[PDB]
Amino acid sequence: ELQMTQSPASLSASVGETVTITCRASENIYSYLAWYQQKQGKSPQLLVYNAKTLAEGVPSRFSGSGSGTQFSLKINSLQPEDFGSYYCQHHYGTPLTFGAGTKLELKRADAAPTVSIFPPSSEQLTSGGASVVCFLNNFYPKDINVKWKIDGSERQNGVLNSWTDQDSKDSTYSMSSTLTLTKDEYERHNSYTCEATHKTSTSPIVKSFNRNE
Amino acid sequence: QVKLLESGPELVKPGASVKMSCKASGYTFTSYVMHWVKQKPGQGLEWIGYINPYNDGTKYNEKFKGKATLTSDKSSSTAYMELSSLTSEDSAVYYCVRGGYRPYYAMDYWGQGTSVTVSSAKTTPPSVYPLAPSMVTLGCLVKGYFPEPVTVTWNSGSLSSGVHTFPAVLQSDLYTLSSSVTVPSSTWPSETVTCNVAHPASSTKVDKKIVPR
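Residues numbered from 1 in each chain as written, not as in the entry; some residues may be left out. Chains lettered and ligands numbered in written order. Heavy atoms only, no water. Residues with missing side-chain atoms left out of burial classes, pairs and counts.

Its PDB header names X-ray crystallography as the technique used to obtain the model and reports a resolution of 2.30 Å.

Right, here's the structure in full:
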């Protein structure tokens, strides 16, 4: 049926900057278009309806415009509380449909990760499992590559990777990478390495330990 | 004020049905339609349909007609949604959302949502493992639990800054999550650092003090 397309998918921007995000309808919806904001972990909130009308309590630095099939949301002089995701939704009859969203994130300078490596706890080793953990904390931008190597050979099986959302205090990202082995495989090798490739260094950041040290 | 109270997390097997509730207060229940909206984790918004509590009338997104059943009980000011023949595609958060004075007005009050997990995996408590090494980073590894969520705190909330709690990852039907905390090195181990893990589905709490190796 009616399809809504938003642009861009993601945008990075500074506090005090002015941005415009857009929404396209596949067919004419007049000015029957709404915008919602959703901050991470929270329910959406209505910002704009009828394309240009602010909902109650929405600050005036938000302004919507457009009619027909082409729409935009301008945020004048962004403030810390404005970062999050933005959804458009036509309200020209039913069915209602939403754009796929625009994620608005904070710009900061590049920052290398603080990397910590943790051998399996002696406790876990009693259960038959051995997980080696690597934290890569407070880096920017979000794009990073982690490699685990055991006695020099890359191990790709049993790697579990998870990224936080952008930290609201410092605009950085963090990543946890967990390499899961059985205990008896873990006792067959000595050198364990977690290796992070990131924009801030020509050379990978490397954290290693030897099992019997 | 306008409140929408939604029923708690649900774990249900493939092929079963689930029915969730949304109890409204702070307005005239029968004067506004109740929409329902789906949001898959880390993904956009999809409109399911609405019920008009005044006259028990419904309008559905065609994709959900035959799958979702919207009802309404005037005397308890409660809207319900039932979803049948559940698959893993139905794993998502479902919001109830009060509409405006007309069914197609932009939607102003979203509930907190009801998270539904569709899986044949069994409820399973977490194993909790400590991650021990002018700052020092410590951690907790919460492994092999199902379903979501777990909560993690440190020193029962007294350690709040310098904490990263990573979103859980599913491996072979079990979730693993990690949390890091970074504290001044002089303060550890003389001041204790304990992670507190709660897994409400298995009615489990675990406190794990992080001690030097």
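## Focus on the overall build of chain B
Helix and strand counts for chain B come out as 0 helices and 19 strands. What you see for chain B is a C-alpha radius of gyration of 21 Å, clearly larger than the 17 Å of a compact globule of 213 residues, by over 25%. With respect to the principal axes defined by its C-alpha atoms, chain B has extents near 65 × 40 × 30 Å. (Helix = DSSP H or I, 4+ residues; strand = E, 2+ residues; numbered from the N terminus. Rg over C-alpha atoms; globule rule 2.2 N^0.38 Å.)

## Describing the packing of aromatic side chains
Inspection of the entire model under this criterion finds 17 aromatic pairs over all chains. Taking the centre distance of 6.4 Å and the plane angle of 35° together, the rings of A:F62 and A:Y86 count as tilted. Taken together, the residues span a long stretch of sequence, with A:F62 in strand β7 (residues 62-67) and A:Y86 in strand β9 (residues 84-90) at a distance of 24 residues. Overall, the relative accessible area of 0% leaves A:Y86 in the buried class. The rings of A:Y36, A:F98, B:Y95 and B:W110 are connected pair by pair, giving a single aromatic cluster. One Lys or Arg, B:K19, reaches over the ring of B:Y80 and ends 5.1 Å from the middle of that ring. (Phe/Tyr/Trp six-rings, centres within 6.5 Å; stacked < 30°, edge-to-face > 60°. Buried < 20%, exposed > 50% of the residue type's maximum accessible area, 1.4 Å probe, protein only. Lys NZ or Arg CZ within 6 Å of the ring centre and 35° of its normal.)

## Looking at the pattern of salt bridges
Residues and elements named next belong to chain A. In this structure the tally under the stated criterion is 9 salt bridges over all chains. We note a salt bridge from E195 to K149, for which the minimum N-O separation is 3.3 Å. Residue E195 is found in strand β17 (residues 191-197), and its partner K149 is found in strand β13 (residues 145-150); the two are separated by 46 residues along the sequence. In this structure, the salt-bridge partner of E185 is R188, at a minimum N-O distance of 2.8 Å. What makes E185 buried here is its relative accessible area of 17%. According to the relative accessible area criterion, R188 is exposed, its value standing at 63%. (Salt bridge = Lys/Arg side-chain N within 4 Å of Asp/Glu carboxyl O.)

## Observations concerning the domain arrangement of chain B
Residues and elements named next belong to chain B. When cut into domains, chain B gives domain 1 (1-120) and domain 2 (121-212). When each unit is reduced to the centre of its C-alpha atoms, the spacing between domain 1 and domain 2 is 33 Å. Its residues assigned to classes, the side of domain 1 that touches domain 2 shows 1 nonpolar, 3 polar and no charged. (Domains from an automatic or database assignment. Nonpolar A, V, L, I, M, F, W, Y, C, P; charged D, E, K, R; others polar.)

## What to know about the nonpolar core
Grouped together as the largest cluster of nonpolar side chains are 41 residues, with contacts concentrated most on A:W35, A:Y36 and B:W110. With near-sequence residues (within four places) excluded, A:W35 lies in contact with A:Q6, A:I21, A:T22, A:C23, A:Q45, A:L46, A:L47, A:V48, A:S72, A:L73, A:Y87 and A:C88. Listed in part, the 25 residues of the second largest apolar core include B:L4, B:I48, B:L70 and B:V118. (Core = buried A, V, L, I, M, F, W, Y, C linked by side-chain atoms within 4.5 Å. Contact = heavy atoms within 4.5 Å.)

## Brief notes about the interface of chain B and chain A
At the interface, 42 residues of chain B touch 42 residues of chain A. Of all the elements in the fold, those that place two or more residues in the side of chain B that touches chain A are β4 (34-39), β5 (45-52), β12 (127-131), β13 (135-145), β15 (163-165), β16 (169-171) and β17 (174-184) of chain B. Here the side of chain B that touches chain A is composed, by residue class, of 20 nonpolar, 16 polar and 6 charged.

## Quick look at the state of the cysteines
Under the defined criterion, the tally for this structure stands at 4 disulfides over all chains. Across the disulfide from A:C23 sits A:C88; the S-S distance is 2.1 Å. Across the disulfide from A:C23 to A:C88, rotation about the S-S bond amounts to roughly 70°, and the bridge is consequently right-handed. Placement of the pair is A:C23 in strand β3 (residues 19-25) and A:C88 in strand β9, with a sequence separation of 65 residues. The pair A:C23 / A:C88 is uniform in exposure class, with both members buried. The side chain of B:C140 participates in a disulfide bridge whose partner is B:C195; the two sulfur atoms lie 2.1 Å from each other. Of note, the bridge from B:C140 to B:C195 carries an S-S torsion of about -65° and is left-handed in sense. Residue B:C140 is found in strand β13, and its partner B:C195 is found in strand β18 (residues 194-199); the two are separated by 55 residues along the sequence. Under the relative-accessibility criterion, B:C140 is labelled buried at 0%. (Disulfide = S-S within 2.5 Å.)

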